[PDB]
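Below is one structure; the comments refer to it alone.
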Amino acid sequence: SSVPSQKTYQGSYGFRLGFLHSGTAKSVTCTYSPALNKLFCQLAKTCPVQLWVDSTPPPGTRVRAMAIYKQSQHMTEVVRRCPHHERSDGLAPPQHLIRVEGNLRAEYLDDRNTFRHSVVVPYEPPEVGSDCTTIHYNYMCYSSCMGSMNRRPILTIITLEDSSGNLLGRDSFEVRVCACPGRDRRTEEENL
Ligand SMILES: [Ca+2]
Ligand SMILES: [Zn+2]
């Protein structure tokens, strides 16, 4: 079968993701572990994800996000939001796990051939006083949702594409949507 690639590719623009250095205090709502290349966040809350490039991509560039199951045995299964959480910013499809917060230009796709879900936004260069571009994502199911992930790990793949859909870059990270991201990250790093 065919599955979405997760191969890292910096490409022509030196594209890679970055995350805030948030730490693991109990007050955190989103925190990234570099050692595990894993983002820990709460249900539907803001997840800042940074786009870092070495040179500016051309006008019309787009940034797409898609989720896939991490385990080989579940990778051909389309990642969708569970029925419970499906049943709303009025822009995102109810069955999509990943939404973009704070961007009216977000476009959602149900692939006509693979049936996979993704959300894409226009790439914008860093604002004045910043060296990266930040997109706010929201995950609409817990890793534990029996009706969807059911504790099966998932990866978010972020791809940079030109206006015509050509691949410019790719990066990815595992994601755990949970009640206590700080505590969960700290505990998972204890195995190291
Ligand atoms: Ca990376
Ligand atoms: Zn759910």
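Observations, loosely collected:
- Rg and Dmax of the stretch 36-192, Cα atoms only, in Å: 15.7, 45
- Distance between the 7 Å Cα→Cβ label points at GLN10 and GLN71: 3.4 nm.
- Estimated 222 nm signal from helices in the chain, with DSSP H stretches of n ≥ 4 weighted -39500 (n - 2.57), rounded to 500: -1500 deg cm²/dmol
- Of the trypsin sites (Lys or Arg not before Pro) in the stretch 1-38, those whose Cβ has at most 12 other Cβ within 10 Å and which sit in DSSP loop: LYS7, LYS26
- Number of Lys-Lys pairs in the chain with C-alpha atoms under 18 Å apart and a separation of 8 or more places or on different chains: 5.
- Given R0 = 22 Å, the distance between the Cβ atoms of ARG152 and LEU36 translates into a calculated FRET efficiency of 0.85.
- Cα gyration tensor category, rounded, prolate or oblate, for the stretch 108-192 with a/c compared to 1.5: oblate
- Annotation: peptides 178-185, 60-67, 145-152, ranked by per-residue average of other Cβ atoms within 10 Å with the highest first, follow the order 60-67, 178-185, 145-152.
All Cβ positions, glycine included, derive from the backbone under ideal geometry; neighbour counts span all protein chains shown. Any read-out appearing in this document is the output of simple, stated calculations on the displayed coordinates, not a laboratory observation.
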